[PDB]
Structure formats: C-alpha cells, structure tokens
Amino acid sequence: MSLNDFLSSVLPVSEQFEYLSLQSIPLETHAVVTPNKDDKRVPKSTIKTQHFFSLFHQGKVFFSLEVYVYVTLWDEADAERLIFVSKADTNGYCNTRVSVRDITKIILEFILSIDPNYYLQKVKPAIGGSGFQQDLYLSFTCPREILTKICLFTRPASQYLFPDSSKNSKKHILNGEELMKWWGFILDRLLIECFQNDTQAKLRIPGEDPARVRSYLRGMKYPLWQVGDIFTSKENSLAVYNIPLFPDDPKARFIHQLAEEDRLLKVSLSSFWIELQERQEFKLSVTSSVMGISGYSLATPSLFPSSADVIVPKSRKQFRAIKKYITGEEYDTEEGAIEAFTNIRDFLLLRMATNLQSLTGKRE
C-alpha cells in the first residue's frame, strides 16, 4: 500500500491532488533523551530522519506536515523507532472540502508501514568520526517488528509552516481544546488500525489535574488510554534524564530554559509539568497537551519507500531549498500558495527530473 494509495483512499472521489513527500538523508545523531552515568546500557546509535509532506490542489499548496523518525539501536537484535509528529499546518487556499484529519492520519499510517531498516541502509555519520572520506556511509540492521513510539505536543498557533496564512479568512484555526481532540481522534484511530492491543496510549495536559484528562479519555475507542506519558523515571525522576528532546518542541525549549537557570538536577518530572505550564502562562495561555504511544504494530513494517513514495534530495542544501519554498513564502494572499507550488514543481523538474505525484481521490 503506497503513499499514493493511502492518500487517495482519504481524498474526495474523482478530485485531483498532487503531493510532495520529501525526506532528509538519515543522520547519526545524539540520543533522543539525555543519557545518564547510571545507565547500564546506552544507545549504540541514534539515526534521525525528517519526512516533510505538502499537499496541493489546483496548482496551490494548502497543507504541510513535518515528521521526524528516530531509530535507536542498542544492538543487532535490540532497537526502537520513534515518530515525532512536529508540525501540521494549513493555509486555507484549498477550494474543495477535504478531511485534513484523515490526510494526517493516513500519512502517519504510511510512515508506520516503513521498515525501520530503510533508514539504516545508508546513514550519514556524525562529524565526530567518521573522518576524511566524503562518500562514506554507515549501515546497520535491526528486526522489522520493533517497539514503536509516537510523540506529539498539541498547541495551536495562527501558523507553523505557512507565514501569515491566518490573514486568509478561509483558514480554519482550531482552538487548543479542539486541537487536542483532533489529534486525540487521529491517534485513537492509529491505535485501533495499526497497533497491537497491548500498547501504551497516554495523554497529559500540563498543569492540569488528571481528573479532567481522564474525563475526555472515556470517549476513546482504543481501550487502554491512560493519563500520563510514555517517559521513563530514571535518576530519581529527574526531568532531564527522561524528557525526549525534539526539534522546535516546547519540552526541549523548557529543558534548555532549566539548563540556563542551572536547575537540571533540581527539577523532577512532576515539577517539570507544573513549571512548563506555570511560567509561560497568562495572556499567551492556550490548552496544550502531550500525547504518547508505545507498542508494536499489528502488521510487520516491511516497506522501503519507492521514488513515487518519497523524494530524497542528494544534499541537505537541496532538501532545505525545496522545503523553504513552502516555509519561506508569504501566505497573506493566494499568490503565496501559487508561488510555492510553481517553485517546487520547477525545482523538482529542473534540478531533479521529477514530477510532484498526482492523485485522484477515491473516497465516496
């Protein structure tokens, strides 16, 4: 089941769309969570990859989604993958009704189906060794059926990927409560459609008492949602030794604040959640939540994405240039959505002899 198949299954019947599915070259990086000295085993390697998606309709971009996948290796038989859902955004320049919810769900379903070995086949080394040889890549193997985590932080903003798109009166911005429920629905469906019944499913709303969190969870179809998170309680539950540090994420932003305050050894997980809320509070306060899934896939992931599924630029420079045509554009008028589409289409054609992928919706 290709990305084309997945997207078509949730797009309106007989309607035409195009997509960009862009991916960075997998890179050896530091651990997701800050290591400690008391860990009897630390990761042998952590491999980070970015997937960046844009959907187009009628020659205009209207939706984008940024996802990072981390594969952490302890040895040949011991690995985990984590999908960090970073940013989802719209600009309101789609002239037809689509379910952005289902688009987002289905792209994550596609990512879950990818064999983690796909990211391990050709890994760019971290600078700290390997040395002078320029075209040297690492390769690893792991089992296909590995522990799979998904993490995201819900927090609304006028935009994340489409500058000034809130100036478009057609843009639909969810408030913090609606946005939590929206992502809640998406993850609930991923659990039911893609995860085994023994899976951890966690929700917390920083700064709030669990009673109200528990209230919401009662409407989920996955039967094992709990209030809390998927994080460990290493080192007397110090936040620094248990909180994953993700790109542009509020948790990492607050960890770095504690670092600047010299309090990383003073702040427990419980205080972290209170303070994360506390000290960004009044006029900018909106409902934020942290969601976590940890378990095994129902179907063993064995797909190595084709060129139709993903475009992997030969360099970070090319990757950056293409993504910037989306994120560096101005969307106060529809001309931004048109320009993003034309720039991307021309760049792909001119520099890569590639087309955006065409889709016809199949959903009745």
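Start at 1 and count along the sequence shown; that's the residue number.
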ask   = Comparing 321 to 329 with 61 to 69, where is the mean C-alpha B-factor higher?
value = 321 to 329
note = Per the PDB entry, mean CA B-factor is higher for 171 to 179 or 207 to 215, namely for 207 to 215
query = Highest CA temperature factor in the entry: which of 246, 110, 140, 74?
reply = 74
Where the record places residue 7 (Cα B-factor, split into thirds across the chain) = lowest
query = Can you tell me which third, lowest, middle or highest, the CA B-factor of residue 105 falls into for its chain?
reply = lowest
query = Considering only modelled residues of the same chain, in which third does the CA B-factor of residue 43 rank: lowest, middle or highest?
reply = highest
message = Going by the CA temperature factor in the PDB record, which third of the chain does residue 37 belong to: lowest, middle or highest?
response = highest
query = Of the three thirds of its chain by CA temperature factor, lowest, middle or highest, which one includes residue 352?
reply = highest
